[PDB]
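Heads up: the structure comes next, in structure tokens.
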Amino acid sequence: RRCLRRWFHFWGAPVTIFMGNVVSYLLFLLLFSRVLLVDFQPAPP
Amino acid sequence: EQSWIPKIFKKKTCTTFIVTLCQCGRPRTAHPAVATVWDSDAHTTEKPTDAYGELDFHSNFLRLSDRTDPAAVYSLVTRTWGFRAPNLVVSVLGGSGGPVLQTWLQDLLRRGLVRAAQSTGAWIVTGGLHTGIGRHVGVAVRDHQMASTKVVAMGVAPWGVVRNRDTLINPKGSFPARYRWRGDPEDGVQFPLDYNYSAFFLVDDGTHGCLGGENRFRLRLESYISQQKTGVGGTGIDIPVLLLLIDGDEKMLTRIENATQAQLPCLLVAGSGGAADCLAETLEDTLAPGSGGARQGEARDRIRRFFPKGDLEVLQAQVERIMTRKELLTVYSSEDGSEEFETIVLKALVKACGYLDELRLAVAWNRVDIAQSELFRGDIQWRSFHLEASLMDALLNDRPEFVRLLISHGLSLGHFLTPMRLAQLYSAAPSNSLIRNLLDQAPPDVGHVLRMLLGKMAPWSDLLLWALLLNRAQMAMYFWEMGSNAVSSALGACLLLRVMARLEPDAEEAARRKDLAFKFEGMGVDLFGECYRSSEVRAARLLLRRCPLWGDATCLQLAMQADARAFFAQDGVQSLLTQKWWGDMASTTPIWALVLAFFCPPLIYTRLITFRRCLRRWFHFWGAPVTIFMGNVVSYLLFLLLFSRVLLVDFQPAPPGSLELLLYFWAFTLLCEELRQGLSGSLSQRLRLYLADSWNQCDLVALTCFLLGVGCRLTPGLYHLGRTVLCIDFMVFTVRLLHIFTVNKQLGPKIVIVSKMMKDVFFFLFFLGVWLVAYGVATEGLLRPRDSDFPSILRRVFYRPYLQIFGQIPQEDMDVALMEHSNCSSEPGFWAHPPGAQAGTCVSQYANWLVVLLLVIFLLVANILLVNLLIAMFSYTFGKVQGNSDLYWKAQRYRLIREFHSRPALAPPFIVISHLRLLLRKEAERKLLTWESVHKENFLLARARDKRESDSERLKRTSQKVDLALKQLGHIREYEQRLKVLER
Amino acid sequence: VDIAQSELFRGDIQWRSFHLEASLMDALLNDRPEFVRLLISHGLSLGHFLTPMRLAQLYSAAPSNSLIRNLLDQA
Amino acid sequence: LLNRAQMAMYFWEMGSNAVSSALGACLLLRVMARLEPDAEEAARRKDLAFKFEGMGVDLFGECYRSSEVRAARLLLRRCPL
Amino acid sequence: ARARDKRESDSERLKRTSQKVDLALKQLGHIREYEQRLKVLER
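If you're matching them up, the sequences are chains A, B, C, D and E in order.
If you read the first sequence in the authors' numbering, its first letter stands for residue 766, the second for the next number, and so on.
Quick note on numbering: the second sequence equals residues 7 to 25, 33 to 48, 59 to 80, 87 to 178, 182 to 386, 393 to 480, 500 to 514, 557 to 710, 766 to 835, 851 to 1090, 1115 to 1177 in the authors' numbering.
If you read the third sequence in the authors' numbering, its first letter stands for residue 406, the second for the next number, and so on.
If you read the fourth sequence in the authors' numbering, its first letter stands for residue 568, the second for the next number, and so on.
If you read the fifth sequence in the authors' numbering, its first letter stands for residue 1135, the second for the next number, and so on.
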């Protein structure tokens, strides 16, 4: 399918993989910060 | 590439056979089962060829039948095989009995023939075999090529004589080919192909070996090639084809007779041997007396040629037929080995033709020296049409050396250039070219093309325009030197080349146009510099004058639109711009003097400012761009002061007072002035250009927030939001003071450099942002404050670490040793109470030595390492971009000065009056051109003299002179030795 | 090289295929870049010249304790 | 392999693959330079490698400016030799 | 192009001029010997 080929072309490009990883890493740091500052407690995780 | 070759070219097989051994040469047993006197047409059948391909010893080869149309062959060589069209074809005949030739003969081939063929880009068509004259030509080509530090030679050989025919046979095609020319057996039945030749034509006649089967095809090919025209279609002359004969035999006299019947010049080498000197002596007889001359030919045939066929009258009859067309025959005068081949060829060609002209032949080849000698011949008189026809050939074929020489020999360009002549020149656009496509979209109709490119903005001017469009760099160079307008033409050429460079589909071509544009821009700089230093006043009149030929626009307009930064960077242009900046007042007027006159209008009539007469002086002062700039600067500062007073004091929730209404009216006139600039600077296209500029974007933002803020303050519930927008709005308005002061020479370059520094700032922010997140979160996580409110967390993570860079370190908020210990929190651990309000109610004491350590590391990395790194990057960037930024501002200076010239003289607070007024609504020139032209010739002469006196040119001239000494010395040695032997 | 150039340029003298082949090895083994260029330009077929026996001799020219020689010995 | 700089120069000019050969020659010379016991010889191999790398730069630059598309196909193509 | 640039370089032209001058000197020396011998023989 031409639509499927275009879909894989966009998400298979190195730049979009780089952008996807950068966005994911920033979200990971935000989750890490939220857990450390607030969600961390002596209670079980 | 190989698909159509078997389709059009037909190989020939024996088919029916007549005899064991057939008369066709094939074995009688080795024949098809279907198989008086053997006939090539009757006894053979035609099948698609199976030997086409490229040889590797790369050289091309092909198998073709004798009865083949030469037109298909010529198209294959010129287009498919990539060989260039020949400017000359030398058909080197020759029997050359014995593997070794006379020393002068081999000298003539290597020094006279091959050198001439390489110089004129000619073709050499001999038998493509390692025997006879073919080997001697091949070694001559190889010997010259090695010593030259490539000649194109074609070989026409009969199939059935080539050694190792089988390895070449491949019906699909053999693009790589393996051949063996070092075969151990040595027999005269078959010969190998010569490795020096570039292309081969294995003519097939269904024979397993014979000589002379390719003569019919070879003669047809030479005759057809002589019918083609040299270069750019039919404009050029017919391709000259001549036959060179060395020695020979009885069969070769038949070849000469056939060539003359085909109207082909023949060049006979005197003293070569039999079948060549026989015709040379016959030509030497010329108008021999009738008595005692008839028997001379018969005796000469027996004397020169071999005894067989001498008694037979066919030889004498054939020679008699040869002399019937003796106008085509010339004899190579030995002249003790003249080796001056090209001149003898020219004499042979012009004599044979009896239209073709000697000058056209020189233009057809790339030999300027031949044309120089022909033109310098005082005895020969040249007609006007002789120069006119030759000049077109140089112009169409892009020969800059010839057109310069032809013009210098008293050629009237005015009568030469005609609309029919001009149409042919523009028809020379090569295939898919930018000019060709524009002409197709657009009689040449060139005027329509120029208007679309430039946008509405003398034979020499037309030729310069033609050369620029076709990207003939050297031709455009020559035409500019002979033009009347030069400074405007140089800038106009730059605009045309640069705008067409943006439209170039090929990146390689666009580089050439940009390269040529840089040359034209430089010469406009050098020429104006020479003109300026002689007379500043006359040079100024040159720039502001309107050149009617280009667009009736000044040179400054052309330079500004062509982005000629180098043209604006010279002192002459900058000094003129400063003079236009000050208007009628002198450029040396002190700034403080201008300020005093501005505040005191009566002072302008006194003598402190140097320039109805009183009314004219009044309008001169207030109409000058500098006073308009000063009036706008003073008005803008007053606007900011009024804006500040309204914001800080006069702003109230009550309906607007008198001062606020004045501010609204003041801002309204500012919007009108900004709108007026955008309108006059294609409504849709103008709006796109206006929004593109970054400075216009901030201006649009500034007025947008003002409209939003004013609306909010009038709404009863949005008073607080109204002030907040205006407070930010004042920031945008104050920033615009930088844009206003871009014109000033002291602050202009510096403001432009600041923009180039933004890349370094963004890197510092990214590095600082990463470090702030890492340190801020870790410190907050270790402290674990009990407030933990989201705004409070953000402040302690980003705001507090940020302020520590600038010396605000709250030790009492992060150090346990400073705060007091308390049991505030019920959660297990040890806690201390910070004294700060936003530091949190309590913080953990568990590992505060790490919190202190992190602060030490943070201060080192941020306050020292990061800040000092940015200083290093700022210093490096400032040094790099200093030169380019200065050039950019200098180019931009003219646009800013011109903009202030069109602005109303009234201040923005009073500009509503001017806006309302805007609504409801020679012999000296020729002398200036002559003065410009005189400086151009002096500038060009100095450039030529410097090149001639350059060390490289003296070395070149000494080398050539030494060559002439060597030729003279060698002649002396030969002459002295011969004379000494003769006198002994 | 000039002597070889004059000898090769002599049109009267005819050179056999093995005459060029034997000479070309001598230039190759003795590291004479000027000669091999000249010999190749005079219609020498490199395809027939290079043989595994011919190739073996070329690699045998590694000078005494050389890096290639030690690697060949280990191989 | 025998570090004949001028001979390796001539053979590269007559070869079919040139851009790949120039880079391949650089890899071979540099890797064998690391294995050289003599420091003087290792310098000569590194010197010859720099010459081959430059010509690969000059040759590709000439190829690129004529046709970017064809030059691109040259780099990503696999050289079997 | 590389070969042509080297050939047209100033150093190469100087080298070629030097060799050509040498060939002139050899030719000139032969002329002097030949002219003197012929003049003596013809006298």
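We put the beta carbon where it would ideally sit given N, CA and C, even for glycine.
Using beta-carbon distances, residue 798/A counts as an interface residue toward chain B, with a partner under 7 Å.
The beta carbon of residue 417/C sits closer than 7 Å to some beta carbon of chain B.
When rounded, the separation of the alpha-carbon atoms in residue 512/B and residue 150/B is 44 Å. Interface flag for residue 227/B against chain C is set, since a Cβ pair is found closer than 7 Å.
Judged by DSSP in its simplified three-state form, residue 94/B adopts strand. By DSSP's assignment, residue 194/B forms a beta bridge with 223/B. Taken through DSSP and simplified to helix, strand or coil, residue 153/B comes out as strand. Straight across, the Cα-Cα distance linking residue 621/B with residue 658/B is about 12 Å. Comparing alpha carbon positions, the residue from 1085/B, 1124/B and 1086/B closest to residue 1116/B is 1124/B.
Membership of residue 76/B in the beta strand (DSSP E) is indicated by the continuous run 76-78. The contact set of residue 174/B on chain E, defined by CB atoms closer than 7 Å, is empty, because the minimum CB distance reaches about 13 Å. If you draw a straight line from the Cα of residue 1042/B to the Cα of residue 1051/B, it is about 14 Å long. For a Cβ distance threshold of 8 Å, residue set 1152 of chain B lies close to residue 1150/E, ordered along the chain.
The C-beta distance from residue 121/B to residue 162/B rounds to 6 Å, short enough to meet the 8 Å contact threshold. Nearest neighbour of residue 623/D by Cα position, chosen from 579/D, 569/D and 573/D, turns out to be 579/D.
Secondary structure at residue 65/B: coil, using DSSP grouped into helix, strand and coil. The C-alpha of residue 408/C lies about 27 Å from the C-alpha of residue 1161/B.
Contact between residue 68/B and residue 21/B holds, with the beta-carbon distance rounding to 4 Å and staying under 8 Å. Distances from the alpha-carbon of residue 206/B to those of 267/B, 92/B, 177/B and 74/B put 74/B closest. Taking each of 770/B, 412/B, 506/B and 558/B in turn and checking the Cα distance to residue 452/B, the smallest one comes out for 558/B.
Along the length of the region 203-287 of chain B, whole beta strand (DSSP E) runs at least 3 residues long occupy 231-236 and 273-277, reported in chain order. Nearest CB-CB separation between residue 629/D and chain C: not below the 7 Å threshold.
Taking the Cβ atoms as the reference, residue 692/B lies roughly 6 Å from residue 708/B, within the contact range of under 8 Å.
At a cut-off of 7 Å, the C-beta of residue 834/B has no neighbouring C-beta in chain E. For the 7 Å CB-CB criterion, residue 281/B and residue 308/B do not form a contact. If the five residues before and after residue 1056/B are omitted, its C-beta is found closer than 6 Å to the C-beta atoms of 664 and 668, all from its own chain and listed in chain order. Cβ-Cβ distances below 8 Å link residue 418/C to 412 in the same chain, with the five nearest sequence neighbours on each side left out; the list follows chain order. For residue 170/B, no Cβ of chain C is located within less than 7 Å of the residue's own Cβ.
Distance from residue 428/B to residue 401/B at the Cβ level is roughly 5 Å; contact confirmed, criterion being Cβ atoms closer than 8 Å. The residues 693, 694 and 697, in chain order, have a CB closer than 8 Å to that of residue 784/B in the same chain once the five nearest residues on each side in sequence are set aside. Under the three-state reduction of DSSP, residue 185/B is assigned to strand.
In the DSSP assignment, residue 513/B falls outside any alpha helix (DSSP H) and carries neither an H nor an E. In terms of beta-carbon proximity, residue 431/C stays away from the interface with chain D, with every pair separated by 7 Å or more. For residue 946/B, the uninterrupted alpha helix (DSSP H) run begins and ends at 927-952, by DSSP.
Taking residue 469/B as the centre and dropping the five residues before and after it, the same chain places no C-beta closer than 8 Å to its C-beta. Membership of residue 361/B in the beta strand (DSSP E) is indicated by the continuous run 361-364.
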